**Student:** 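Please read through the structure below; I'll follow up with questions.
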Amino acid sequence: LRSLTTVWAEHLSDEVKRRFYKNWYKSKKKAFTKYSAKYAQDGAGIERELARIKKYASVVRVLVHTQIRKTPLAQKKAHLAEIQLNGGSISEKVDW
Amino acid sequence: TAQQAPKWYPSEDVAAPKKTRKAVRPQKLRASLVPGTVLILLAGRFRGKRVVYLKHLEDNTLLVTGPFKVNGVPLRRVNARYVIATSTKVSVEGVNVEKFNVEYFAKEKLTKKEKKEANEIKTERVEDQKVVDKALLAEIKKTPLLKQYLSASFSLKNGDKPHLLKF
Amino acid sequence: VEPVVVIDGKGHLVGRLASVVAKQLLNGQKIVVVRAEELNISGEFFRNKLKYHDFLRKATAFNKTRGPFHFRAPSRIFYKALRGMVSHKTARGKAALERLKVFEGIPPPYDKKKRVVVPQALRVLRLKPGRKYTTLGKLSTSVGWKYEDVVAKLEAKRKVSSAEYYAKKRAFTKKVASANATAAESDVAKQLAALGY
Amino acid sequence: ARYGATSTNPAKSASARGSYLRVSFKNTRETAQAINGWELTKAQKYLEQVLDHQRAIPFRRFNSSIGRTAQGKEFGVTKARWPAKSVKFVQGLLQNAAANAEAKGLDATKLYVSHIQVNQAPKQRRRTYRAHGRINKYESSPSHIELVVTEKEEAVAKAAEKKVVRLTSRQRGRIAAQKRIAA
Amino acid sequence: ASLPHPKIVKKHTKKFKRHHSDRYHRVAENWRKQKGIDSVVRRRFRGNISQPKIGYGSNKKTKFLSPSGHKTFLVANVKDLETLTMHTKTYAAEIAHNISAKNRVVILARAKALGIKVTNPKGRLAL
Amino acid sequence: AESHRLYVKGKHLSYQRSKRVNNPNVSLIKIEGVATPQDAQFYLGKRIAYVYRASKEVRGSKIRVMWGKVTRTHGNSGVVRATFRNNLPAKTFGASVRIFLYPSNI
RNA sequence: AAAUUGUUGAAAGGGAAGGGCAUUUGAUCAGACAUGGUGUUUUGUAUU
RNA sequence: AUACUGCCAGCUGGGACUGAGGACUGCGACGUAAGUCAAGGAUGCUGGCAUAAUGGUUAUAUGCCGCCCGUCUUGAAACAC
RNA sequence: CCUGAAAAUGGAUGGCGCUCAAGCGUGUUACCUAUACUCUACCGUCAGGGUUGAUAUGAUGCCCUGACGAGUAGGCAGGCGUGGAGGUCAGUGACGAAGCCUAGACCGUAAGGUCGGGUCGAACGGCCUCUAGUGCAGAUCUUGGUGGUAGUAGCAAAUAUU
RNA sequence: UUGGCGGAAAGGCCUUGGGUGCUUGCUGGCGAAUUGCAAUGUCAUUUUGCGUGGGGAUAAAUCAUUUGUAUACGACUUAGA
């Protein structure tokens with residue numbers, strides 16, 4: 001299996017965005033800013049990538065992250081991982 | 001001192017050579033090389049070009065011409081080992097060739113002090129080229145496609161096998 | 001000769017083809033071998049499976065990660081044959097092996113290019129009719145290669161596209177054949193026939 | 001006088017030297033190679049940071065069976081140390097060389113340590129007592145330290161050789177033909 | 001300017017270096033015959049250093065002849081050119097390393113007067 | 001024209017050698033399109049060039065040449081023996097050489 | 001002086017290094033002048 | 001007739017390596033006297049360069065090969081010293 | 001060909017690999033290459049021989065011909081190098097001797113010899129002879145010096161310092 | 001310039017309409033020489049550097065401090081305008 005592309009969400013929580021940093025406090029928090037700029041339009045780079053994932057990509061996995069602000073740990077850095085979707089067709093998985 | 005002397009001394013005069021027993025005899029050209037044969041040059045500035053062969057000079061070289069009018073090769077001498085004699089022949093009758101010789105191809109060697117770091121044709125030579133090439137084109141024009149043949153150069157294409165190619 | 005020679009690995013016997021292409025690599029030919037799963041081996045399938053299990057039994061006792069690395073893909077089986085036939089521990093052998101590229105199926109760089117055959121390695125010509133033989137894909141999948149089916153479906157896709165291209169080429173060639181038949185029977189065609197073309 | 005092989009000019013250079021320095025030659029070599037080629041003021045700041053354990057001398061040659069430290073990360077190595085004594089000796093010599101450069105009238109802001117070198121001084125010997133009534137050596141490895149600071153300048157090489165060229169008659173004819181053809 | 005002799009052929013321009021002179025510093029490079037019982041060099045196994053043999057000897061006609069064709073001859077004063085005088089096409093002078101600069105200049109002048117070629121007409125003189 | 005080659009392509013195969021000793025003084029050349037000694041006999045006594053490139057120009061060119069010639073046929077399969085003025089550098093085992101058509105007999 | 005070492009410079013380095021034969025590549029280097037002078041179009045006119 | 005075998009002091013080609021010697025002498029061959037010759041060892045004509053171009057030394061790369069020497073021993077790279 | 005046919009690290013027709021073979025038996029040719037054979041060049045050794053005559057010349061010379069060349073232990077020969085001695089070069093040298101450094105040159109098959117460059121500062125060399133405390137990689141050699149190991153083992157008994 | 005198709009490593013393959021050059025499909029005119037009888041007789045570069053201009057957006061990581069889900073030392077997991 002080879003990853004074709006990863007489509008992301010318009011707004012990323014600061015908890016998950018903290019995962020992409022090793023020194024988050026001393027940073028400009030520039031993370032997914034240009035991706036969100038690519039967002040706010042219908043399908044300039046989003047619906048087309050999802051159509052690519054539907055046309056190809058026999059396996060689709062959803063990227064998720066944990067709500068560790070809710071969890072009582074001192075972490076504040078969301079664990080983000082991949083969970084495979086195992087039902088329906090590729091189109092159904094992608095639009096799910 | 002540092003070195004006293006040698007024990008004995010040999011002779012000192014230049015040695016005369018023995019009477020060499022090698023006589024120069026005229027070269028026997030390969031049978032394909034008859035005057036009027038169309039040759040293709042294999043090396044030099046005019047490599048691959050198709051010329052006609054006029055006369056075998058006395059210094060074992062062959063007199064060729066393009067003619068200059070068709071392909072731009074002037075009256076030159078070439079080595080018989082750097083040409084390919086072809087089947088096609090043009091009758092070189094009606095052209096005078098007895099004028100050309102090594103004396104005709106004098107060079108006037110450049111000086112040793114003339115080192116070209118930053119540093120033409122005689123009218124008589126251009127006139128002989130013109131007259132010979134006129135009398136030669138007068139013959140070449142008769143058979144079709146030969147002027148085009150001589151103008152076009154020769155080269156090996158992919159898949160050409162010289163050991164199978166009949167020139 | 002050519003810059004790259006691409007060999008359709010189907011129907012070739014592994015050893016004969018490996019000797020051919022090893023000599024070609026040493027002589028300086030760049031060789032790419034596609035369709036390595038359709039590459040044959042003489043002998044019964046069970047016999048060749050026993051040979052591979054005998055190979056699989058060999059590994060450094062004190063550390064199995066230093067011992068022979070038994071590759072399972074058909075392209076890697078053919079590559080191991082070739083590397084045995086090349087003097088791989090010298091710089092020249094390393095260069096000759098770098099000139100080689102083996103594949104299962106026909107990847108995109110080479111599915112659009114001519115594929116040749118080495119007839120002195122071909123099973124139909126070499127083997128006696130009725131003599132048993134194995135297939136490298138079946139052997140590989142039996143000994144632990146996990147991409148037999150995906151390669152099969154990609155191969156079917158490639159077959160379909162190639163057959164469409166071939167039908168188009170046939171139609172165009174037929175139209176050109178009709179055109180040259182009509183424009184033919186001319187002085188030029190007659191003189192070319194008299195000249196040998 | 002008579003330092004090591006230097007490629008600079010004494011007009012824009014100052015020197016310092018210290019011989020028979022009872023400091024470890026190996027730790028001193030590592031410290032010298034650490035500050036080698038640096039700006040003088042930057043190297044002085046680095047040496048005081050090493051004394052404060054904020055940074056380390058990377059041990060590159062004499063480092064067998066020494067420990068690992070995150071402070072080696074900035075130098076690309078894993079084995080770095082904090083040789084207080086050799087650092088103090090080296091920065092004493094650095095201040096001496098800066099004094100000499102000021103005396104000679106050198107800008108002192110673009111001074112950089114162009115040359116630094118430490119080799120083995122004659123050893124100082126003592127006795128150590130082993131089991132079963134044996135004597136072994138207990139020897140210091142003093143250092144000869146020397147250094148040269150000089151002013152930074154621009155690229156020092158230009159105006160290459162004439163590069164005379166010799167062509168044959170064929171090559172000269174080809175060049176002339178190409179020149180006549182080209183427009 | 002000089003007689004055309006037979007071509008100067010050197011059968012072995014490589015130096016015969018003593019075995020293991022590369023391996024050990026105590027073993028000097030000057031050739032020594034290996035006389036060990038098991039020595040691969042003495043036994044002439046394939047792949048080992050070549051041993052000096054009389055078959056490498058130089059042509060009698062070109063022996064002791066330098067590249068120019070002159071045999072080299074040490075001189076220490078103007079007097080020795082006086083036995084080299086009439087043999088300029090077969091003999092070359094060579095000033096001893098011990099000659100002072102003034103005597104070296106005087107020997108050079110004498111050789112230049114006599115047409116004698118000297119093998120080091122560059123020592124102790126500037127550009 | 002688009003094709004300008006006046007020579008024949010060949011490849012420098014190896015030195016003359018036994019199982020475990022080689023002779024750098026004679027190299028083996030494979031002529032393209034020849035597979036028989038009767039075919040190679042045509043190229044017998046023909047000049048060969050190894051043309052290579054160096055990054056430093058010397059005599060106005062960055063291209064250097066080693067000249068040699070085809071001496072005799074080798075083996076049963078159209079390989080020939082060739083001898084060059086300087087032996088080929090053994091990194092060219094499999095490098096292309098040019099077999100010219102001179103000296104000519106046709 | 002050597003072993004041994006520092007610095008600088010050059011080069012190589014996939015479980016040693018070193019060596020022989022051969023070439024290539026880089027660096028480095030020796031070796032033929034103008035010497036008698038039939039030509040003399042030339043200075044301190046027998047001084048090239 | 002051809003095949004096969006033998007012979008030819010039969011003919012005609014293609015390619016490679018070598019050029020030792022340095023006045024004459026000898027054995028010859030062809031010629032008609034005289035001369036000439038492939039006959040007791042290469043000459044003729046031509047070109048480029050005349051300088052690191054050829055070459056030497058050196059370091060590296062490459063192809064092949066190369067076990068650590070001394071010793072005692074029938075036998076040593078030796079897990080013999 | 002198969003069964004008889006069982007051994008211990010993983011494993012060896014040398015390896016890959018080979019099945020109308022790249023296996024087995026036989027036959028026919030072509031081809032590859034040893035320091036062997038043939039033919040040349042050159043080196044040395046051995047043998048057989050030529051060579052009187054006068055200036056400018058050595059007949060311990062010059063030249064012709066042929067054959068041959070493996071070697072431990074061992075024998076002999078011809079040479080190279082070192083300290084000192086007789087003779088000689090009316091030798092080199094403070095205007096730089098000796099020594100030492102130098103992937104600079106030349107010569108000799110080699111032992112080695114000569115020279116260029118740097119350092120140095122008071123002696124030294126060529127040739128004919130004489131002489132010996134005369135040539136080193138080894139001897140668990142002798143004396144001195146220096147390494148890798150290695151900034152390593154370690155500097156932890158006797159309560160404990162701030 | 002348009003419409004496409006190709007995810008196996010697609011990184012390529014088609015296609016619409018225009019600008020422009022050549023055309024040896026068939027006939028002409030001029031030029032070529034002298035590189036001297038050959039010398040590869042220099043014609044291709046996922047290189048790099050230094051320059052010019054047509055655009056384009058203006059971060060992190062490490063050390064240090066800290067954590068203990070970790071830890072011999074590194075490393076790991078945290079936090080910190």
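Chain letters run A, B, ... following the sequence lines, proteins first, then strands; residues in each count from 1. Worth knowing before you read on, the calculation uses all heavy atoms, side chains too, and leaves out hydrogens, waters and symmetry mates.
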**Student:** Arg29(D) has a side chain; which of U23(G), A61(J), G6(G) sits nearest to it?
**Tutor:**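 Per side-chain heavy atoms of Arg29(D), the pick is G6(G).
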
**Student:** Nearest to the side chain of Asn77(E), which nucleotide is it out of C63(J), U19(I), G91(I)?
**Tutor:**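 Nearest to the side chain of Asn77(E) among the choices is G91(I).
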
**Student:** Which nucleotide, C63(J), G151(I), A150(I), lies nearest any side-chain atom of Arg81(D)?
**Tutor:**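 My answer, after comparing the listed nucleotides, is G151(I).
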
**Student:** So, north or south for the sugar of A72(J), given that a negative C1'-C2'-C3'-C4' angle means south?
**Tutor:**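 North.
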
**Student:** Go through the N and O atoms of the side chain of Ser61(F) and the base of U40(J), and report whether any donor-acceptor pair is under 3.5 Å.
**Tutor:**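 In this structure, the two groups form a donor-acceptor pair.
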
**Student:** Taking any strand in view, what nucleotide pairs with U45(I) in a Watson-Crick or G-U wobble way, both distances under 3.5 Å?
**Tutor:**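 Check on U45(I): paired to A67(I), both distances under 3.5 Å.
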
**Student:** I want to check a possible cation-pi pair here: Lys69(F) against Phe100(F), using under 6.0 Å from ring centre and within 45° of the ring axis as the test.
**Tutor:**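 Relative to the ring axis of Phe100(F), which defines the angle, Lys69(F) lies outside at least one limit.
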
**Student:** Does the side-chain ring of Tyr102(F) lie flat on the base of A38(J), meaning centres under 5.5 Å and planes less than 30 degrees apart?
**Tutor:**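 By the stated criterion, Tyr102(F) and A38(J) do not stack.
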
**Student:** Does any donor-acceptor pair link the side chain of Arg47(F) with the base of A38(J) at a separation under 3.5 Å?
**Tutor:**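 Result: no qualifying N/O pair found.
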
**Student:** Would you classify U47(J) as syn or anti? Syn applies when the glycosidic angle is within 90° of 0.
**Tutor:**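 It is syn.
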
**Student:** Can a donor-acceptor pair under 3.5 Å be found between the side-chain atoms of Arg170(D) and the base atoms of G41(J)?
**Tutor:**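 Check passes, donor-acceptor contact within cut-off.
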
**Student:** Which is it for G126(I), anti or syn, if anything within 90° of zero counts as syn?
**Tutor:**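 Because its glycosidic torsion lies more than 90° from 0, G126(I) adopts the anti conformation.
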
**Student:** In the strands shown, is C49(H) matched to any nucleotide by a Watson-Crick or G-U wobble pair with both distances under 3.5 Å, and which?
**Tutor:**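 No nucleotide pairs with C49(H).
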
**Student:** Report the base-pairing partner of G83(I) (Watson-Crick or G-U wobble, both distances below 3.5 angstrom), or none.
**Tutor:**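 Checking every strand shown, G83(I) finds its partner in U131(I), with both distances under 3.5 Å.
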
**Student:** Please classify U35(I) as syn or anti, treating any glycosidic angle within 90° of 0 as syn.
**Tutor:**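 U35(I): anti glycosidic orientation.
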
**Student:** What's the gap between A47(I) and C8(H) when it is taken at their P atoms, as a whole Å value?
**Tutor:**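 Their P atoms lie roughly 44 Å apart.
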
**Student:** Using the ring of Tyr24(E) (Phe, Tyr or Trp, six-membered ring only), decide whether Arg26(E) places NZ or CZ under 6.0 Å from its centre and within 45 degrees of its axis.
**Tutor:**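 Pair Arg26(E)/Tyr24(E) counts as cation-pi.
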
**Student:** Answer with yes or no whether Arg77(B) presents, from its side chain, a donor or acceptor under 3.5 Å of a partner atom in the base of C37(J).
**Tutor:**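 No pair found.
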
**Student:** May I ask you to evaluate whether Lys53(E) reaches the phosphate of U109(I), defined as a side-chain N or O under 4.0 Å from OP1 or OP2?
**Tutor:**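 No.
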
**Student:** Taking the six-membered ring of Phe42(F) as reference, does the cationic atom of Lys46(F) (NZ for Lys, CZ for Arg) lie under 6.0 Å from its centre and within 45° of its axis?
**Tutor:**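 Flagged: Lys46(F) positioned over aromatic ring of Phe42(F).
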
**Student:** Between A33(J), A23(H), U58(J), which one does the side chain of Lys30(A) approach most closely?
**Tutor:**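 Of all the options, the side chain of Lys30(A) is nearest to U58(J).
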
**Student:** Quick check on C43(I): is either OP1 or OP2 less than 4.0 Å from any side-chain nitrogen or oxygen of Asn59(E)?
**Tutor:**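 The answer is yes; a side-chain N or O of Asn59(E) sits under 4.0 Å from OP1 or OP2.
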
**Student:** Would you confirm whether the ring centroid of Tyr50(F) sits within less than 6.0 angstrom of the ring centroid of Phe84(F)?
**Tutor:**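 When the ring centroids of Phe84(F) and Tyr50(F) are compared, they turn out to be at least 6.0 Å apart.
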
**Student:** Side chains of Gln33(D) and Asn36(D): do they bring a donor and an acceptor to under 3.5 Å?
**Tutor:**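 A donor-acceptor contact under 3.5 Å links the two side chains.
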
**Student:** Is there a donor on the side chain of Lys79(E) or the base of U92(I) sitting less than 3.5 Å from an acceptor on the other?
**Tutor:**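 Checked by distance alone, the answer is no.
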
**Student:** Under a 3.5 Å threshold, yes or no: a donor from one side chain and an acceptor from the other, between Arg158(C) and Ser161(C)?
**Tutor:**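 No pair is found: no donor N or O on one side chain lies under 3.5 Å from an acceptor on the other.
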
**Student:** Between the base of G151(I) and the side chain of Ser64(D), is one N or O donor paired with an acceptor at under 3.5 angstrom?
**Tutor:**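 A donor-acceptor contact between them is absent.
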
**Student:** For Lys60(E) and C43(I), is the shortest distance between a side-chain N/O and OP1 or OP2 below 4.0 Å?
**Tutor:**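 Looking at the OP1 and OP2 atoms of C43(I), one of them is under 4.0 Å from a side-chain N or O of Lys60(E).
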
**Student:** Could you tell me if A132(I) and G133(I) satisfy the stacking criterion of six-membered ring centres under 5.5 Å apart and ring planes within an angle under 30°?
**Tutor:**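 Pair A132(I), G133(I) comes out not stacked.
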
**Student:** Quick one: look at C1'-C2'-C3'-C4' in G40(H) and give me north (positive) or south (negative).
**Tutor:**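 Judging by the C1'-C2'-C3'-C4' torsion, which comes out positive, the sugar of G40(H) sits north.
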
**Student:** Of the candidate nucleotides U19(I), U35(J), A137(I), which contains the atom at the shortest distance from the side chain of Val27(E)?
**Tutor:**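 It is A137(I).
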
**Student:** From C-beta outward on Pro108(C), which listed nucleotide comes closest to its side chain: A10(J), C21(G), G17(I)?
**Tutor:**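 For the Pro108(C) side chain, the nearest candidate turns out to be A10(J).
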
**Student:** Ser50(E) and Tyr56(E): side-chain donor and acceptor closer than 3.5 Å?
**Tutor:**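 Distance-only check passes for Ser50(E) and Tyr56(E).
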
**Student:** Report yes if the base rings of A39(J) and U40(J) sit with centres under 5.5 Å apart and an interplanar angle under 30°; otherwise report no.
**Tutor:**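 Stacking test on this dinucleotide step: no.
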
**Student:** Ignoring backbone atoms, test whether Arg104(E) places a side-chain nitrogen or oxygen under 4.0 Å from the OP1 or OP2 oxygen of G116(I).
**Tutor:**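 Looking at the OP1 and OP2 atoms of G116(I), one of them is under 4.0 Å from a side-chain N or O of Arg104(E).
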
**Student:** Between the side-chain atoms of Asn76(F) and the base atoms of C31(I), is any donor-acceptor pair under 3.5 Å?
**Tutor:**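 Result: no qualifying N/O pair found.
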
**Student:** Just to confirm, do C67(H) and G66(H), adjacent in the strand, meet the stacking rule in which the six-membered ring centres are under 5.5 angstrom apart and the planes are under 30°?
**Tutor:**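 For these two strand neighbours, the answer is no: their six-membered rings do not meet both cut-offs.
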
**Student:** Between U114(I) and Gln3(B), counting only base atoms on the nucleotide and side-chain atoms on the residue, is there a donor-acceptor pair under 3.5 Å?
**Tutor:**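 Not at all, since no donor on one side and acceptor on the other fall under 3.5 Å apart.
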
**Student:** Base of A137(I), side chain of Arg18(E) - is there a donor-acceptor contact under 3.5 Å?
**Tutor:**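 Yes, the side chain and the base share a sub-3.5 Å donor-acceptor pair.
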
**Student:** Quick check for you: among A98(I), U33(I), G14(H), whose closest atom lies nearest to any side-chain atom of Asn105(F)?
**Tutor:**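 Of the candidates, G14(H) comes closest.
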
**Student:** Could you check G144(I) and say if its sugar is north or south from the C1'-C2'-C3'-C4' sign?
**Tutor:**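 North (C3'-endo side).
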
**Student:** Where does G40(H) land, syn or anti, given syn is within 90° of 0?
**Tutor:**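 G40(H): syn.
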
**Student:** Would you say the side chains of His115(D) and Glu146(D) form a donor-acceptor pair under 3.5 Å?
**Tutor:**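 On atom types as modelled, these side chains qualify, holding a pair under 3.5 Å.
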
**Student:** Is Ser19(C) side chain donor-acceptor paired with the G17(I) base, going by distance under 3.5 Å alone?
**Tutor:**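 There is none.
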
**Student:** OP1, OP2 of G55(H) versus side-chain N and O of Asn86(F): anything below 4.0 Å?
**Tutor:**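 Answer yes for this pair, as a side-chain N or O of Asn86(F) is under 4.0 Å from OP1 or OP2.
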
**Student:** Using OP1 and OP2 only, check whether a side-chain N or O of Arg30(B) sits under 4.0 Å from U12(H).
**Tutor:**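 No, no such contact exists.
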
**Student:** Nearest to the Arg126(C) side chain among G7(J), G138(I), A22(I), which nucleotide is it?
**Tutor:**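 Looking only at heavy atoms from C-beta outward on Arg126(C), the closest nucleotide is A22(I).
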
**Student:** Under 3.5 Å for both donor-acceptor distances, Watson-Crick or wobble: does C73(J) have a partner, and if so which one?
**Tutor:**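 Checking every strand shown, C73(J) finds no partner, since no pair has both distances under 3.5 Å.
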
**Student:** What is the sugar pucker of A150(I), north (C3'-endo side) or south (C2'-endo side), as given by the torsion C1'-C2'-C3'-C4'?
**Tutor:**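 On the sign test, where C1'-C2'-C3'-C4' is negative, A150(I) is classed south.
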
**Student:** Scan every strand shown for a Watson-Crick or G-U wobble partner of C62(I), both distances under 3.5 Å, and answer none if you come up empty.
**Tutor:**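 Pairing partner, where one exists within any strand: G50(I).
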
**Student:** Partner of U36(H) by Watson-Crick or G-U wobble geometry, both contacts under 3.5 Å, or none?
**Tutor:**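 In the structure as shown, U36(H) has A29(H) as its Watson-Crick or wobble partner.
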
**Student:** Tell me whether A56(I) sits syn or anti, counting syn as a glycosidic angle within 90° of 0.
**Tutor:**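 Here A56(I) takes the syn form, which means its glycosidic angle is within 90° of 0.
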
**Student:** Report yes if at least one side-chain N or O of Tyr56(E) is closer than 4.0 Å to OP1 or OP2 of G44(I); otherwise report no.
**Tutor:**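 For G44(I), neither OP1 nor OP2 has a side-chain N or O of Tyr56(E) closer than 4.0 Å.
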
**Student:** Has the side chain of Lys128(C) got a donor or acceptor that lies under 3.5 Å from a partner of the other kind on the base of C20(I)?
**Tutor:**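 Checked by distance alone, the answer is no.
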
**Student:** Answer yes or no: side-chain N or O of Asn22(F) and base N or O of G63(H) forming a donor-acceptor pair under 3.5 Å.
**Tutor:**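 A donor-acceptor contact between them is present.
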
**Student:** Counting only side-chain heavy atoms from C-beta out, which of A8(J), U34(J), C89(I) sits nearest to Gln4(B)?
**Tutor:**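 The answer is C89(I), which lies nearest to the side chain.
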
**Student:** Please confirm whether any donor atom in the side chain of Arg21(B) sits under 3.5 Å from an acceptor in the base of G26(H), or the reverse.
**Tutor:**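 In this structure, the two groups form a donor-acceptor pair.
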
**Student:** With respect to the side chain of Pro67(E), which nucleotide from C106(I), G22(H), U7(G) is positioned closest?
**Tutor:**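 For the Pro67(E) side chain, the nearest candidate turns out to be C106(I).
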
**Student:** It should be established whether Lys122(B) places a side-chain nitrogen or oxygen under 4.0 Å from OP1 or OP2 of nucleotide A33(J).
**Tutor:**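 Indeed not, no polar side-chain atom of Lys122(B) lies that close.
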
**Student:** Determine whether neighbouring nucleotides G36(J) and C37(J) are base-stacked, defined as six-membered ring centroids separated by less than 5.5 Å with an interplanar angle below 30°.
**Tutor:**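 The answer is no; the two bases are not stacked.
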
**Student:** Considering heavy-atom distances to RNA chain H, does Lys91(F) or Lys18(B) have its closest nucleotide positioned more toward the 5' end?
**Tutor:**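 Nearer the 5' end of the strand: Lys18(B).
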
**Student:** Under a 3.5 Å threshold, yes or no: a donor from one side chain and an acceptor from the other, between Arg81(B) and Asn105(F)?
**Tutor:**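 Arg81(B) vs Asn105(F): donor-acceptor pair found between side chains.
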
**Student:** Return yes if a side-chain donor-acceptor contact under 3.5 Å exists between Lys53(E) and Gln51(E), otherwise no.
**Tutor:**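 Side chains of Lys53(E) and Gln51(E): pair found under 3.5 Å.
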
**Student:** Can you confirm whether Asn120(E) sits close enough to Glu94(E) that some side-chain heavy atom of one is under 4.5 Å from a side-chain heavy atom of the other?
**Tutor:**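 Heavy-atom side-chain distance check passes, below 4.5 Å.
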
**Student:** Does the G135(I) / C80(I) combination count as a Watson-Crick or G-U wobble pair, both distances under 3.5 Å?
**Tutor:**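 Given the Watson-Crick and G-U criteria, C80(I) is paired with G135(I).
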
**Student:** Is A42(H) on the north side or the south side, where north means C1'-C2'-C3'-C4' is positive?
**Tutor:**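 Here the torsion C1'-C2'-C3'-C4' comes out negative, placing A42(H) south.
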
